[PDB]
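**Q** Could you have a look at this structure, given as structure tokens, before my questions?
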Amino acid sequence: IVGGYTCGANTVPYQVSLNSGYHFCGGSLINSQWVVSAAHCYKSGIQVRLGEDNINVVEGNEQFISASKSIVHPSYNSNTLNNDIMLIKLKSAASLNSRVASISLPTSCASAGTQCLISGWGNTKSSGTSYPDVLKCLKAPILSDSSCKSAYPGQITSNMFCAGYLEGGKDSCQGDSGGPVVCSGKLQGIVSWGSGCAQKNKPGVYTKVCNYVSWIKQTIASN
Ligand SMILES: [Ca+2]
Numbered sequence: 024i025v026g027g028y029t030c031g032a033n034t035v036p037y038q039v040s041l042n043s044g045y046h047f048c049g050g051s052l053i054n055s056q057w058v059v060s061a062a063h064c065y066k067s068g069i070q071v072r073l074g075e076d077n078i079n080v081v082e083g084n085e086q087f088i089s090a091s092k093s094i095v096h097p098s099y100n101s102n103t104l105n106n107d108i109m110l111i112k113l114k115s116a117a118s119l120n121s122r123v124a125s126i127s128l129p130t131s132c133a134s135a136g137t138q139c140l141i142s143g144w145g146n147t148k149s150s151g152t153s154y155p156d157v158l159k160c161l162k163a164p165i166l167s168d169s170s171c172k173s174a175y176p177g178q179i180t181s182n183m184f185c186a187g188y189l190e191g192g193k194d195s196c197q198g199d200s201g202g203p204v205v206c207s208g209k210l211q212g213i214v215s216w217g218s219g220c221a222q223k224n225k226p227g228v229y230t231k232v233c234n235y236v237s238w239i240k241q242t243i244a245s246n
């Protein structure tokens, strides 16, 4: 997260860290045994880390649970990043409390102008690299479908929306991938891709979760 703020320990209780020896992606807890992330975060040997603030220090509210199964969306296209979503089932159910909680799935798609909260442990600098150890937050609006398509000609599908600032300065970045975009208490997006970070006229692009509610629900009900 570039140009964000320090969230505060456990103020984003649905945020998860995916770990394969090191943090490599974010995700969101949607019930006691399932995590949603980006399909481009796929790999084998994932451990899901819940209740994290400082990802380098054991602070007392963590739960570490291995993944038992990962399901990449059936139509994921790694070249275009269309359908950039994936579900991960946990080996055992998480213990839900005030600091580890699920986030509701949306019943309707959010409109442009809606203010959202984006969070992650990604790079905080638009040139160079500095990776934070504690969770960073960003308030950003959803941008109009027309300004999004004008920023990225030929690359935006109906499964994507843009959020952020056309002036630049504030954005998600490398290592925020797979993390949540939450608007009015509902999971509306997944950190997917961008052109660099926080560059002028290049806002971040996010997977449009409201398009996938039926697939998520049916997948969970049968796995
Ligand atoms: Ca920790």
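In PDB author numbering, the protein residues as written are 24 to 246.
All C-beta atoms in this analysis are idealised placements derived from N, C-alpha and C, irrespective of residue type, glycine included.
1. Quick one: Cα of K172 to Cα of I179, how far?
2. I'd like to know whether the C-beta atoms of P36 and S121 end up nearer to each other than 8 Å.
3. DSSP three-state label for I213, please.
4. Measuring only from the beta carbon, is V81 closer than 7 Å to any heavy atom that is part of ligand 1?
5. Could you name the residues that DSSP lists as bridge partners for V204?
6. Which residue or residues does DSSP assign as beta-bridge partners of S40?
7. By DSSP, does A133 sit in helix, in strand, or in coil?
8. Could you tell me which residues DSSP pairs with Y188 in its beta bridges?
9. State the DSSP-derived secondary structure class of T29, mapped to helix, strand or coil.
10. Less than 7 Å between the CB of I53 and some heavy atom of ligand 1, yes or no?
11. For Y235, which residues from the same chain have a beta carbon less than 7 Å from its beta carbon, with the 5 sequence-adjacent residues on both sides left out?
12. Which residue from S125, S237, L110 and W57 puts its Cα closest to that of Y65?
13. If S118 and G208 are in contact, beta carbons under 8 Å, what's the gap, nearest whole angstrom?
14. Let me check understanding here. Comparing Cα to Cα, which of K114, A62 and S170 lies closest to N102?
15. Who are the near neighbours of residue 1 in its chain, counting only those whose CB is closer than 8 Å to its CB and skipping five residues on each side?
16. Below 7 Å, is the gap between the Cβ of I88 and the nearest heavy atom of ligand 1?
17. Is DSSP giving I165 helix, strand or coil here?
18. Assuming the contact rule is C-beta atoms closer than 8 Å, residue 247 and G191 should be a hit. Round their C-beta distance to whole Å, please.
19. Are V81 and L113 touching if we call contact CB-CB under 8 Å?
20. Less than 7 Å separating the Cβ of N77 from some heavy atom of ligand 1?
21. Does the Cβ of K193 have 16 or more other Cβ atoms within 10 Å, making it buried, or fewer, making it exposed?
22. With H, G and I counted as helix, E and B as strand and the rest as coil, what does DSSP make of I88?
**A** To lay it out plainly:
1. Here residue 172 refers to the residue found at position 149 of the sequence shown. Here residue 179 refers to the residue found at position 156 of the sequence shown. In this structure, the straight-line span from the alpha carbon of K172 to that of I179 is close to 6 Å.
2. Numbered from its first residue, the sequence shown carries residue 36 at position 13. Numbered from its first residue, the sequence shown carries residue 121 at position 98. Their beta carbons are under 8 Å apart, which means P36 touches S121 by this criterion.
3. Taking the sequence shown and counting its residues from 1, the one referred to as residue 213 is at position 190. Correct three-state label for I213: strand.
4. The residue labelled residue 81 in the question sits at position 58 within the sequence shown. Yes, the beta carbon of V81 sits closer than 7 Å to at least one heavy atom of ligand 1.
5. Position 181 of the sequence shown holds residue 204. Note: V204 sits in a beta bridge opposite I141 and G212.
6. Walking along the sequence shown from the start, residue 40 turns up at place 17. According to the DSSP secondary-structure assignment, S40 is paired through a beta bridge with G49 and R72.
7. Within the sequence shown, the letter at position 110 stands for residue 133. Looking at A133 - three-state DSSP - the assignment turns out to be coil, as it is neither helix nor strand.
8. Within the sequence shown, the letter at position 165 stands for residue 188. Assignment of beta-bridge partners to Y188 by DSSP yields no partner.
9. Within the sequence shown, the letter at position 6 stands for residue 29. Residue state, collapsed to three classes: strand.
10. Indexing the sequence shown from 1 puts residue 53 at position 30. No, since every heavy atom of ligand 1 falls outside the 7 Å radius drawn around the Cβ of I53.
11. One-based indexing of the sequence shown puts residue 235 at position 212. For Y235, where only same-chain residues beyond five positions count, the Cβ hits under 7 Å are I108.
12. On the sequence shown, residue 65 is found 42 positions in, with the first residue counted as 1. Restricting attention to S125, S237, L110 and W57, the CA atom closest to the CA of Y65 is found in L110.
13. Counting from one through the sequence shown, the residue named residue 118 turns up at place 95. Counting from one through the sequence shown, the residue named residue 208 turns up at place 185. About 22 Å separates the beta carbons of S118 and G208, which is beyond the 8 Å limit, so they are not a contact pair.
14. As a position in the sequence shown, residue 102 is number 79, starting the count at 1. When only C-alpha atoms are compared, the closest one is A62.
15. In the structure displayed, the chain extends from 24 to 246; residue 1 sits before or after that span and is not available.
16. Residue numbering aside, residue 88 sits at position 65 when the sequence shown is read from its first letter. Because no heavy atom of ligand 1 lies under 7 Å away, the Cβ of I88 does not count as near it: no.
17. Taking the sequence shown and counting its residues from 1, one reaches residue 165 at position 142. Strand.
18. Because the chain here runs from 24 to 246, residue 247 falls outside it and cannot be looked at.
19. Here residue 81 refers to the residue found at position 58 of the sequence shown. Here residue 113 refers to the residue found at position 90 of the sequence shown. For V81 and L113, no; Cβs fall outside 8 Å.
20. Residue mapping note: residue 77 aligns to position 54 of the sequence shown, counting from 1. True, at least one ligand heavy atom lies under 7 Å from that Cβ.
21. One-based indexing of the sequence shown puts residue 193 at position 170. By the 10 Å Cβ count, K193 comes out buried.
22. Here residue 88 is taken as the residue at index 65 of the sequence shown, counted from 1. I88: strand per DSSP, three-state reduction.
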